[PDB]
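First the structure, in the form of structure tokens, and then the observations on it.
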Amino acid sequence: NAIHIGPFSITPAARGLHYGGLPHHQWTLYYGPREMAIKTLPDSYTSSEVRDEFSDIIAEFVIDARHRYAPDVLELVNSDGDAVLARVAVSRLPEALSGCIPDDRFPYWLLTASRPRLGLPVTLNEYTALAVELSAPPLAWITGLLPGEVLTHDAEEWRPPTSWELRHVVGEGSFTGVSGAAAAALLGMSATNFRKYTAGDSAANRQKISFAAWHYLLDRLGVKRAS
Amino acid sequence: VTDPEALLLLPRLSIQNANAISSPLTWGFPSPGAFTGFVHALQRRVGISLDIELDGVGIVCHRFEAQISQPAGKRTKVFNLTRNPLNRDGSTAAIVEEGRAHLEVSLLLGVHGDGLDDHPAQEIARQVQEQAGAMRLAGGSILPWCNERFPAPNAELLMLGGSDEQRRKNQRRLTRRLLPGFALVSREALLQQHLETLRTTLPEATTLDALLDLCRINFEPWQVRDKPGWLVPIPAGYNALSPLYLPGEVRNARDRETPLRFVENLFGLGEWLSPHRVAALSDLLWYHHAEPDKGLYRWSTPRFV
Amino acid sequence: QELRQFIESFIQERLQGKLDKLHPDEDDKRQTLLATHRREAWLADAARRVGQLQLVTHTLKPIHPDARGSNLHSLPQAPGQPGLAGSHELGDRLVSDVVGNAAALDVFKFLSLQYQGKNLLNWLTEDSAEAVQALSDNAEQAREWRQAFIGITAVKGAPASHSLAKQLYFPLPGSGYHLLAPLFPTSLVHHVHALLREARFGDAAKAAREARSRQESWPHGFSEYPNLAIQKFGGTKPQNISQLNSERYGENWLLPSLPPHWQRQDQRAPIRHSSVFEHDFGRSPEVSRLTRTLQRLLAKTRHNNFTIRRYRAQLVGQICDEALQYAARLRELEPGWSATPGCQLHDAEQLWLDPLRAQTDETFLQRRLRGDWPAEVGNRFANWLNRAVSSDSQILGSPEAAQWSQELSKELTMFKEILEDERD
DNA sequence: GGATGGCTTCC
DNA sequence: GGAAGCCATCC
């Protein structure tokens, strides 16, 4: 019997062995089609023990994925160049930047955090406009694990996600950590009609989600801003 | 409470099968009460036959080795036992648990009596070494000479002889032969200080010595706040549980000519430190002083700070 | 009142549980007779069992199971010397454990369960009318039960010890000795075993664990204990100490009390050029932890500058003492001084920081190393330490960083003086 | 696995 | 008789 923790799966190996006189079994931890770890555990283990045998590897993978796909940071500096006044984490670049060094001609500059800086001079009202427009949700790093073609705004290239992609955000094992019931209440549906979406295969009574419901759900969970 | 005249150094003492537990709470190094009783029994051996009284001990613990193992599924450790012989009918013994270990220590002994007056000092050190080489420390029998013939001789050092700079020179050249071991003190003052800084939170006493020596991980304001020294808990001694009882009035004693009392262990916190951090080497002698009007039975090293 | 009816219902439930192990031959009539005798005279059968049991806080059987002596229930007074650990520290939350017969332990557990609900746990001595009205015991049966409960609450022991206790000596000031028999505390270790279980297990503990996995910092603490040792009491059945040993399953966790370097690992003293370069850094486990703590303590403020300066001075002194101790352990741990092939700067440091000139070393090189002590090795070590500590212009521009540089210079001067006194 | 005994159960 | 011994059963 498998165990499912979000997009991860833990399966046994169908024929045990005797190590030290006691019967054991090999277990494998998968992330989609990629095998990550293998352990040998005895029997008389409940599923919670098999869970927290691998919990640390799960947490480390979460830490690395969070650090790698972190969004970019802009900052607001005065006319000298140092003494950053405020920071903001954006999800896109404001498209007018070109490599700059601040001088005394203007009292406010908006630079990047990367080292060969790009920058722009602002006047504290357009800065608020850019902060409103280009900001990033708190869980924007989950978008680094998604295929992109399920994330576009254009309706012509979009395709509905599969169940394995959909388990990245919904379910108690997912990275947002939200339930199916709470996500169903977030869309104004029943729990059963929402469970219809996450069956596993469309032949076994499963429907695709809509474009609008998918983007609105990504909006309400704080993953994609979806203006 | 009294300053000795000369300092005696026991060079390199290697023990096997010393008792590891020595406490109802701890299992590491044995209590210094074993050392104080050891030099008391040594004074009862040949100390009174040479017009010498002995007062205090210094310990450095050159190396350590405990016969312990890890049971492959957790982070605790189980002790290693031995096989007792068979029972009366030949079935099986009853299992009691005990911890064995191997030590390397050196002893620093203070001398109050007529050191250089009656005899030369080196013959005194040689004969007390020859006497001490037939005893045991904490159940651990003393190993004899092994092929290190180099730490065979002892040394006697009058502490206050000569000039002040001469005192610094002889204490430094005695410290030079005491490099790899770590001396151990009492730390009741820092314990009282952290009591009063923790009494600002709440008035508890044993939770102090619980909390002061664990890996305490504070939340992010993932920090681990730290103590400056190597603070290790230690049994301070005993507190009474019964009145003073007559030498005959209690059944099944060792000897019926000695008063008797029931006791419970008292605990404290020590610290392991390098000998080069202290300047006065006479600050390092453990003294068991009894207070029989109450229950306070106490070994410590005073005049250390 | 209702407590005696609850005791009768518990006796009927025990009779039904004794009828659950029913035999098809003759178990029904024997079970009916036992249930009738129980529902008749449970209190009369339990008085003789409650006469056999005694409440105790210190026990002699954990010292050895074959010995038998005086077991004492007593809370001694707080000593005069402040800052200690004993049973006197807590009085409100005690839990006494009893030694006796197993059916007597069942009777005592029934008496304690009847002691709950109402105030019977403290009112088992002072109660006649409601207790005799509830339990179905008469006035004479209630008086005999009160006498038996007052007797079971008493100690009822003779002062004697055994031959397998410890009973050690302790010398008196300028005079003889006393005999000192130690007793195993059980209430204290039950209390701290509960506290240690609560430390290692609990919703707050696992919540702080997943917090420190996710570094979400809500206001909460997190405790951790390393390298406990585990002891087992007696054979397979643990309850022969008490019922506290039954609920602790014969297990007591012991705290570590170890010397600092209790894992004697092999030394990488040998002549590697990159080995000599890394040994100039000297990356070790405790040294790496101290370097991480010193790097984390760099970004502090000056509002706690007294305590921050004290902690920085203590960390610097501990780092210097650990470096001197590691150098002494590497030197004395070295059996002989070998000519290192390509030990880049390792020979220049090990002219003084290495062992004496042996047969593998030249006598003229040994005389030259005795001619000049390694002051330049101390300068290189101070340079490597100052490179290990991350510095910036905030310390150069601030006065606290100047005071920290002065303290580091004083520590480096003390280390150079200690090296030059032994050197040469 | 220590504790207490109860009818046997020797000598 | 009394003790001791074994076995037994309790928890």
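Protein chains in written order, with my numbering: chain F, 37 to 263; chain L, 2 to 306; chain G, 757 to 1180. Each residue gets a CB set at the ideal place from its N, CA and C atoms; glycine is no exception.
If we count the other Cβ atoms within 10 Å of its Cβ and call it buried at 16 or more, is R1058/G buried or exposed?
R1058/G is exposed by the Cβ-count criterion.
Terminal residues of the alpha helix (DSSP H) in which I763/G lies:
Residues 758 to 776.
Chain F partners of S969/G, CB-CB under 7 angstroms?
For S969/G, the chain F residues whose Cβ falls inside 7 angstroms of its Cβ are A95, in order along the chain.
Have a look at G207/F, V126/F, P78/F and flag the residue whose alpha-carbon is nearest the alpha-carbon of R261/F.
When C-alpha distances from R261/F are compared across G207/F, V126/F, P78/F, the shortest belongs to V126/F.
Those residues which DSSP pairs with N266/L across a bridge
Looking at the DSSP assignment, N266/L forms a beta bridge with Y239/L.
Where does the unbroken alpha helix (DSSP H) through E966/G begin, and where does it stop?
From DSSP, the alpha helix (DSSP H) with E966/G extends over 959 to 970.
Beta-carbon of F1033/G versus every beta-carbon of chain L: anything under 9 angstroms?
Not one chain L Cβ lies under 9 angstroms of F1033/G.
Touch test, the segment 807 to 815 of chain G against the segment 847 to 855 of chain G, Cβ-Cβ under 8 angstroms, three pairs minimum
Proximity of the segment 807 to 815 of chain G to the segment 847 to 855 of chain G meets the contact definition, three or more beta-carbon pairs being nearer than 8 angstroms.
Within 9 angstroms of any Cβ in chain G, is that where the Cβ of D92/F sits?
Yes - at least one Cβ of chain G is within 9 angstroms of the one on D92/F.
Establish whether the CB of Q193/L and some CB of chain G are separated by less than 9 angstroms.
Interface residue, yes.
Does the distance from the C-beta atom of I22/L to that of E105/L stay below 9 angstroms?
Taking 9 angstroms as the cut-off, the Cβ atoms of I22/L and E105/L do not count as close.
Please report how far the alpha carbon of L257/F lies from the alpha carbon of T212/F, in whole angstroms.
Counting only the Cα atoms, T212/F lies some 8 angstroms from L257/F.
Three-state class that DSSP yields for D108/F in the structure shown:
If DSSP states are grouped into helix, strand and coil, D108/F belongs with the strands.
Comparing the C-beta of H918/G with each C-beta of chain L, is any distance below 9 angstroms?
Taking Cβ atoms only, chain L reaches closer than 9 angstroms to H918/G, which makes this a yes.
Chain G residues whose Cβ lies nearer than 9 angstroms to that of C216/L:
Neighbours of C216/L on chain G, chain order: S979, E980, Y981, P982.
Environment of residue 317/L [buried if 16+ CB atoms lie within 10 Å]
The first residue shown for chain L is 2 and the last is 306, placing residue 317/L beyond what the model contains.
With a threshold of 7 angstroms on Cβ separation, who are the neighbours of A921/G within its own chain once the five nearest residues in sequence on each side are excluded?
Excluding positions up to five away in sequence, the list reads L816, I819, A823, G825, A937.
If we cut at 9 angstroms on Cβ distances, does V86/F have a partner in chain G?
Judged by the 9 angstroms Cβ criterion, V86/F is not in contact with chain G.
Out of curiosity, what's the CA-to-CA distance linking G977/G and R76/L?
Answer to the nearest angstrom: the Cα atoms are 22 angstroms apart.
Considering only their Cβ atoms, is the gap separating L109/L from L215/L smaller than 9 angstroms?
No, Cβ-Cβ distance for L215/L and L109/L is not below 9 angstroms.
Just to confirm, is the Cβ distance from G269/L to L840/G under 9 angstroms?
Cβ distance < 9 angstroms, so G269/L and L840/G count as in contact.
Are the CB atoms of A1144/G and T1047/G within a distance shorter than 9 angstroms?
Against a cut-off of 9 angstroms, the Cβ pair of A1144/G and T1047/G comes out as a contact.
Using a Cβ-Cβ cutoff of less than 8 angstroms, which residues in the same chain neighbour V225/L once the five nearest sequence positions on both sides are dropped?
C216, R217, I218, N219, listed in sequence order.
Less than 9 angstroms between the beta carbons of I60/L and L191/L, yes or no?
No, these two residues do not count as a Cβ contact at 9 angstroms.
Run through chain G and tell me which residues come within less than 9 angstroms of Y288/L, C-beta to C-beta.
The premise fails here: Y288/L is roughly 10 angstroms from chain G at the closest Cβ pair, so nothing lies under 9 angstroms.
From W287/L to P234/L, what distance separates their C-alpha atoms?
The straight-line gap from Cα to Cα measures roughly 16 angstroms.
Note down, in chain order, each residue of its chain lying with its Cβ closer than 8 angstroms to the Cβ of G873/G, except the 5 sequence neighbours on either side.
Around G873/G: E758, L759, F762.
Within-9 angstroms CB hit, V259/F to chain G:
Not a single C-beta of chain G is nearer than 9 angstroms to the C-beta of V259/F.
Interfacial residues, the segment 829 to 844 of chain G to chain L, with Cβ spacing under 9 angstroms
Answer in chain order: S830, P832, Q833, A834, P835, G836, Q837, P838, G839, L840, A841, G842, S843, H844.
For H103/F, is the classification buried or exposed, using 16 other Cβ atoms within 10 angstroms of its Cβ as the cut-off for buried?
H103/F is exposed by the Cβ-count criterion.
Say whether chain G places a C-beta atom closer than 9 angstroms to the C-beta of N219/L.
Closer than 9 angstroms to some Cβ of chain G, the Cβ of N219/L qualifies, so yes.
Which residues does DSSP pair with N148/L in a beta bridge?
Answer by DSSP bridge pairing: none, since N148/L is not bridged.
Since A101/F and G209/F are thought to touch, with beta carbons under 8 angstroms apart, how far apart are those beta carbons, to the nearest angstrom?
Taking C-beta atoms under 8 angstroms as the contact rule, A101/F and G209/F fail to qualify, at a distance of about 15 angstroms.
Under 7 angstroms Cβ-Cβ, which residues of chain L neighbour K988/G?
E98, listed in chain order.
What three-state label does DSSP hand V106/L in the structure shown?
The answer is strand: DSSP assigns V106/L an E or B state.
Test: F39/L CB closer than 9 angstroms to a CB of chain G:
Chain G contact via Cβ: absent.
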